[PDB]
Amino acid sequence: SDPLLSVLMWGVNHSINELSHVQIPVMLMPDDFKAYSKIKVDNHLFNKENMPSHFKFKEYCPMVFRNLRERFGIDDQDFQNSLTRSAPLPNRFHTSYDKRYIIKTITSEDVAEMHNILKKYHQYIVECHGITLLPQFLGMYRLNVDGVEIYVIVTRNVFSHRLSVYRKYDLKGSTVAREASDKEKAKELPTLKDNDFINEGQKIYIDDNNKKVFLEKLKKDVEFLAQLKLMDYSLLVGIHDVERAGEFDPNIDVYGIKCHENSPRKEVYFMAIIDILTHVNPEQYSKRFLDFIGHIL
């Protein structure tokens, strides 16, 4: 009874069904990056209980996002199920009922930026064999329900689908002060920021190897982002306390890192980059971002 949501589920369902009939080659062609499919639905005096009467669904570059899903080790049928077997839950983003995917509303500006970087982004994912801390983009759509038009993007959840998170940080490593809201603090899991970290002595206990890998990854990802003139992105950090609610599937919870053996508490960390689509400058912003994360880890 959120009509936009049901158009989305209807849309995702339809999309994966269509693709199931398409022969998938190993390569994308340049045209695949300029492609889309539109479906306009008009129901007159029919099917009122489920669908809206007049709606639209547009999918951008279905072949590119098909290719990306598989490269991120996501199967189309599983993806469909996660988005359609039961509604996504709100909170401003939605998360799939099974906590695997994030569904964020974006602007037409963002859609244009995505289209602008999609080839280079795709090529990046090829080179690093899908091993990255960048947002994993899984699908991009336009929804129309009688007058209202929204754009959405789908990504992999940085947090675990099983193991709960008792503390979140959103780090940018900026010179201007960043601190969390008192209004947000009241919510079950607040969204702490650079100084809630730098102030309240938060430590991330990972071993020297896990840290070396992570920072090497982070370095390449961030340089790629700067080179695209992208900035204002964050590192999302999630802490799972084993001794409250802790063995994860690193093939589903791909962003997990176990704490080292001498850690004060049994912890799992979930860390990746989020919010890349905004296009003082990009170049130094990345270095300033990389300096910060080095210091806190």
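Heads up, when I say rigid core I mean the largest set of C-alphas that superpose within 1.5 Å between the two forms. Don't overthink the numbering: it's just position in the shown sequence, from 1.
- Stretch comparison, 184 to 192 versus 158 to 166: after rigid core superposition, larger RMS CA deviation in 7 other deposited structures of this protein is found for 184 to 192.
- Here 124 to 132 and 173 to 181 are scored by the root mean square distance of their C-alpha atoms in 7 other deposited structures of this protein, with each structure fitted by the rigid core; the higher score goes to 173 to 181.
- Per the record, residue 279 and residue 280 are separated by 10 or more deposited residues that are missing from the model.
- According to the PDB entry, the deposited sequence contains 10 or more residues between residue 245 and residue 246 that lack coordinates.
- Stretches compared: 159 to 167, 177 to 185. Higher mean C-alpha B-factor in the entry: 177 to 185.
- Stretches compared: 283 to 291, 5 to 13. Higher mean C-alpha B-factor in the entry: 283 to 291.
- Considering 208, 76, 109, 221 together, the PDB entry gives 208 the largest C-alpha B factor.
- Per the deposited record, 190 carries the highest C-alpha B-factor of all listed residues (130, 139, 190, 135).
- For residue 101, the recorded CA B-factor ranks within the lowest third of the chain. Only modelled residues enter the ranking.
- In this PDB entry, the Cα temperature factor of residue 203 sits in the top third of its chain's modelled residues, the highest group.
- Residue 213: CA B factor lies in the middle third for its chain, per the PDB record.
- When the modelled residues of the chain are ordered by C-alpha B-factor, residue 69 sits in the lowest third.
- Per the PDB record, residue ranking by Cα B-factor puts residue 56 in the middle third of the chain.
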